[PDB]
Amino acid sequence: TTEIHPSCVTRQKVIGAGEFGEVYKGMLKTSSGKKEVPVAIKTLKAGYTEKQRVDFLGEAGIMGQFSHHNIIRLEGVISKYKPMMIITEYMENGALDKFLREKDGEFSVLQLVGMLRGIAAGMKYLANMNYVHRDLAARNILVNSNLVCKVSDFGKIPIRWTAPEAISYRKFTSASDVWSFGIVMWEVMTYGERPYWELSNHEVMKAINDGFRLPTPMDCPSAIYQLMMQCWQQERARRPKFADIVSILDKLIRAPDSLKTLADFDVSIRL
């Protein structure tokens, strides 16, 4: 993890604030002063506890182990000066869930499937690097100006994205992340609809344990709905691996007529 000198960082705008720190958009001077890049900068405010420091610096330590197109890139940290900072690449379109809700209906099927392929490729890499995300959801994916989606937020757990064995037994593995990816597929194809709508957490658990699953999104390719349904097998060993998901999505994208067979969606009487 690269320690960045504070003279190389400038903050221009607040992105968001918390009771523990803020996130800024800024610039980072790199490469011996010959290069300047936009960055996101997260701070940890004075008075933080040892646990907070371990978690904050731990998120950057995890992020710095990875080098993949679909995983947010860490530029480095400021730990020797206060406030401490984590510095990442800047993703111009922010969080995927909010982005899709602000772009409802505006992308093609192929674009949405390509976003899911990118997220799956980042998750395949994390899983094979022996990392279980445990909080995979479209709110934790960021989107750049070129529509590339990257897994972030490597730092309670929303029930409605979590596989049943992780809810009950706290058995979190890459297969429970596959369940969560299935919910992200449904979020993407619905432009950010809230999984399970008004059901309470216990009602979501009730429905899932009775075998209910989220219904097809509108205008969703049958193959895409079949794949998200497989992600939601109750028996975790029956779920696809991320390697299978990436392979299937690639085959669909390469033969895009395969995406024209739509799953049935389901009163206005008129004619």
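The term rigid core refers to the maximal set of C-alpha atoms that superpose within 1.5 Å between the two forms. Start at 1 and count along the sequence shown; that's the residue number.
#### Entry: More variable segment, 215-223 or 56-64 [Cα RMS over structures in 9 other deposited structures of this protein, core-superposed]
Higher average C-alpha offset in 9 other deposited structures of this protein goes to 56-64.
### Query
When the other structures are laid on this one by the rigid core, do the CA atoms of 37-45 or of 233-241 sit farther away in 9 other deposited structures of this protein?
Higher root mean square deviation of C-alphas in 9 other deposited structures of this protein is shown by 37-45.
### Query
Looking at the other compared entries that model both neighbours, is residue 32 missing coordinates in at least a third of them?
Yes, a third or more of the compared structures omit it.
### Message
Considering only other entries where residues before and after it are modelled, is residue 117 without coordinates in at least a third?
### Response
It is not, since residue 117 is included in all of the other entries that model both flanking stretches.
### Task
For the stretch from residue 155 to residue 156, please bin the deposited residues that the model skips: none, 1 to 3, 4 to 9, or 10 or more.
A long stretch, 10 or more residues, is missing between them.
### Query
Hey, how big is the hole between residue 266 and residue 267 in terms of deposited residues without coordinates: none, 1 to 3, 4 to 9, or 10 or more?
According to the record, 1 to 3 deposited residues lack coordinates from residue 266 to residue 267.
### Message
Comparing average C-alpha B factors as deposited, tell me which of 228-236 and 40-48 sits higher.
### Response
Averaged over C-alpha atoms, the B-factors run higher in 40-48.
### Query
Comparing 108-116 with 75-83, which stretch shows the greater average C-alpha B-factor in the deposited entry?
The deposited B-factors put 75-83 ahead on the C-alpha mean.
### Query
Among 220, 245, 62, 204, where is the Cα temperature factor highest, going by the PDB entry?
Answer, based on the entry's C-alpha B-factors: 62.
### Message
When the deposited Cα B-factors of this chain's modelled residues are ordered and cut into thirds, is residue 89 in the lowest, the middle or the highest one?
### Response
It falls in the middle third of the chain.
### Task
Name the third of the chain's ranked CA B-factors that contains residue 69, choosing lowest, middle or highest.
Middle third - that is where residue 69 ends up once the chain's C-alpha B-factors are sorted.
### Task
Could you say whether, by C-alpha temperature factor, residue 193 belongs to the lowest, middle or highest third of its chain?
As the PDB entry reports it, the C-alpha B-factor of residue 193 lands in the lowest third of its chain.
### Message
Test of reading the entry: by CA B factor among the chain's modelled residues, which third contains residue 200?
### Response
As the PDB entry reports it, the C-alpha B-factor of residue 200 lands in the highest third of its chain.
### Query
In terms of the CA temperature factor given in the entry, to which third of its chain does residue 27 belong: lowest, middle or highest?
Tercile = middle for this residue's CA B-factor.
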